[PDB]
Amino acid sequence: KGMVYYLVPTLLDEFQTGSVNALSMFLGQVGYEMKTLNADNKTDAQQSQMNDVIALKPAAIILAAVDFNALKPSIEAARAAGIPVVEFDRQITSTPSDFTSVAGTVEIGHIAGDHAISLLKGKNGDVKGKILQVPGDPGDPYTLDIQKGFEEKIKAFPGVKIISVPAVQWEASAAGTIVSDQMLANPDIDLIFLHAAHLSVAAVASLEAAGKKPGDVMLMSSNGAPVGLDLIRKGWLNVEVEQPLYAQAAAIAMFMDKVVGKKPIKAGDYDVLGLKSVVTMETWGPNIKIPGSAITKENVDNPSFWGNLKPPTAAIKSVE
Ligand SMILES: N[C@@H]1[C@@H](O)[C@@H](O)[C@@H](CO)O[C@@H]1O
């Protein structure tokens, strides 16, 4: 049917390596081969790779941009040369793509927010306290939009103080250092919210080295990686708001025939791996937005949560 290239930004967590495996398999089910190129968090490498792939004229490119600004010209070059470009996970609103498959990021933030509020209230009686937020890389719209959705909720209660410190390049060691430094300066911190679970792995270790045990400082993160689900069962993590990795990948495969053949993608409500998903036509082109979900000890074992690594059995079917 055609070759698809995936320009993955890094392979430095379970969502990234997982996305490779999920895209390859689902694209295999609808008849496409896939090849993966890793930018390892270097914009230069990814732009070199775009051009390399442009020159290889595949049936489509799937991009998850290291930096959402820097790649805008690249995306345009591909489309100039009539190569379909699909944006995965990291939304690029500034220039048209042929398809976009993302989580509801602002909504994940909102969900994070609601729980931060119910937590704190649970601890402090009133909606008050202090939160440390550890967003991801500033070049990444996934964490940028989660930040908006989260702050929107918290700001509504000025009795909650927020301290936010980004983990540059999505690095857990940066998270680690932030948590130790912010904790020493603020022993009153009630909750840390980090925008992906591999960051919470560092937070836990930092909290441990300060003498803390599970539950002492509440913790939440927002991508659903396996390590997060581990930390939930261990009592370290109060909440993990997942993004639906498998659905986001499957959605790309479901629509690949429309994307490769340059056929239109119809707006509406779709089911993707059992998730109600919403396709709209945006200025950056067709866009499917798949909901995230709050996970706690109470539902951490649900097989629909990608962190349990139970991908749906059967197969994807191409949208007609
Ligand atoms: N949505 C993903 C998130 O799960 C995480 O893999 C991050 C890489 O650390 O990149 C993107 O933000």
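Residues numbered from 1 in each chain as written, not as in the entry; some residues may be left out. Heavy atoms only, no water.

Applicable threshold: UniProt positions are given in the numbering used here, feature names are shortened, and annotations may be inferred rather than shown by experiment.
Per the PDB entry, the recorded name for the chain is ABC transporter, binding protein, and the organism is Agrobacterium vitis. Under its PDB record, the entry appears with the title "CRYSTAL STRUCTURE OF AN ABC TRANSPORTER SOLUTE BINDING PROTEIN (IPR025997) FROM AGROBACTERIUM VITIS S4 (Avi_5305, TARGET EFI-511224) WITH BOUND ALPHA-D-GALACTOSAMINE". Looking at the chain in UniProt, the text filed under Sequence similarities (unreviewed entry) is "Belongs to the bacterial solute-binding protein 2 family." In its Subcellular location (unreviewed entry) section, the UniProt record describing the chain reads: "Cell envelope".

1. Some thoughts on the nonpolar core
Operational definition: We call a set of buried residues a nonpolar core when its members are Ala, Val, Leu, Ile, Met, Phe, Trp, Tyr or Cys and they connect through side-chain atoms within 4.5 Å of each other. Three exposure classes are used, based on accessible area relative to the maximum for each residue type with a 1.4 Å probe and protein chains only: buried under 20%, partly exposed in between, and exposed over 50%. Secondary structure elements follow DSSP: runs of H or I no shorter than four residues count as helices, runs of E no shorter than two count as strands, and numbering proceeds from the N terminus.
Of all hydrophobic cores here, the largest spans 48 residues; its most connected members are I131, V134, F150, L191, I192, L207 and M220. With six residues, helix α4 (residues 105-124) is the single largest residue contributor to this core. Grouped together as the second largest cluster of nonpolar side chains are 40 residues, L27, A60, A251 and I288 included.

2. Details of unusual backbone geometry
Positive phi is not limited to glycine here, since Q169 has a value of about 55 degrees. When you line up the elements, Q169 lands in the loop between β7 (160-164) and α6 (172-185).

3. Quick look at the domain arrangement of the chain
Note on interface size: it is often stated as the accessible area lost on association of the parts. Put simply, the rule is: Where each domain begins and ends is defined by an automated method or by a domain database. Any two residues whose heavy atoms approach within 4.5 Å are treated as being in contact. Note: buried area is the sum, over both parts, of the accessible area (probe 1.4 Å) each one loses when the two are combined. Whenever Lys or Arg places a side-chain nitrogen within 4 Å of a carboxyl oxygen from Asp or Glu, that contact is recorded as a salt bridge. Here a polar contact is taken to be a pair of N or O atoms separated by no more than 3.5 Å, where protein atoms must pair a possible hydrogen donor with a possible acceptor and residues adjacent in sequence count only if both atoms sit in side chains. Classification convention: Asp, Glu, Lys, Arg as charged; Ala, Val, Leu, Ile, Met, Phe, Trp, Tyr, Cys, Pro as nonpolar; all other residues, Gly among them, as polar.
Along its sequence, the chain is organised into domain 1 (1-101 + 246-288) and domain 2 (102-245 + 289-320). Relative placement of domain 1 and domain 2: their C-alpha centres are 26 Å apart. Opposite the 41 residues of domain 1 that make contact, domain 2 presents 36 residues. Summed over both sides, the interface of domain 1 with domain 2 buries roughly 3,100 Å², with 60% coming from carbon and sulfur. When the buried surface of domain 1 facing domain 2 is broken down by residue, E14, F15 and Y246 rank first, second and third, together holding 24% of it. One can count one salt bridge joining domain 1 with domain 2. Residues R90 and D140 are paired through a salt bridge, measuring 3.3 Å at the closest nitrogen-oxygen approach. For the pair domain 1 and domain 2, the number of links is 18 residue pairs in polar contact. Among the elements of the structure, α1 (14-29), β5 (99-103), α9 (245-254), α10 (256-260), β11 (268-272), β12 (275-282) and β13 (285-290) are those that each provide at least two residues to the side of domain 1 that touches domain 2. Here the residues of the side of domain 1 that touches domain 2 sort into 21 nonpolar, ten polar and ten charged.

4. Concerning the sheet that holds strand β8 (residues 191-194)
Quick reminder of the rule: Strands qualify as paired when DSSP identifies two bridges or more between them. Here, axes are lines fitted to C-alpha atoms. For helices the fit covers the stretch in contact, and angles between N-to-C directions go from 0 to 180 degrees.
With mixed pairing, six strands are arranged side by side in an open sheet as β7-β6-β8-β9-β10-β14. Looking at which strands have only one partner, the edges of the open sheet turn out to be β7 and β14 (293-295). When the angles between neighbouring strand axes are averaged without regard to direction, this sheet yields 20 degrees. Strand direction decides the pairing type here: strand β9 (residues 218-221) and strand β10 (residues 239-242), joined by two bridges, are parallel. Within the sheet, the bridge partner assigned to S221 lies in β10 and is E240. Along the sheet, α6 contacts β6 (129-134), β7 and β8; its crossing angle with β6, the most-contacted strand, is approximately 160 degrees.

5. Observations regarding the packing of helix α7 (residues 197-209) against helix α8 (residues 226-234)
Here is the rule we go by: An angle below 35 degrees is read as roughly parallel, one above 145 as roughly antiparallel, one from 65 to 115 as roughly perpendicular, and any other as oblique. We call a crossing left-handed when the near helix sits turned anticlockwise from the far one by less than a right angle, and right-handed when that turn is clockwise.
Running from N to C, α7 and α8 point in directions that differ by 45 degrees, and their axes come no closer than 7 Å. Classified by the interaxial angle, the pair formed by α7 and α8 is oblique. Relative to α8, α7 is oriented so that their crossing is left-handed. Contacts between α7 and α8 pair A197, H198, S200, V201 and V204 from the former with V227, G228 and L231 from the latter. Looking at the contact of α7 with α8 residue by residue, the classes come out as five nonpolar, three polar and no charged.

6. Concerning the packing of α1 against α9
Put simply, α1 and α9 touch, their axes get as near as 9 Å, and they point 35 degrees apart. Our pair here, α1 against α9, has a crossing hand that is right-handed. Contact with α1, carried on its side by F15, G18, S19, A22, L23, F26 and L27, involves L245, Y246, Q248, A249, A250, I252 and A253 of α9 and no other residues of that element. Within the contact of α1 with α9, the residues separate by chemical class into eleven nonpolar, three polar and no charged.

7. Some thoughts on the site of the ligand
This is how it is decided: To be near a molecule or strand, a residue needs just one of its heavy atoms within 4 Å of it.
Lining the immediate environment of the ligand, one finds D13, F15, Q16, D89, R90, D140, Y142, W170, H198, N223 and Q243. Between the ligand and the protein, one listed contact pairs an oxygen atom with a side-chain N or O atom of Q16 at 3.1 Å. The contact in question runs from an oxygen atom of the ligand to an N or O atom on the side chain of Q243, over 2.5 Å. The residue makeup of the shell around the ligand, split by class, is three nonpolar, four polar and four charged.

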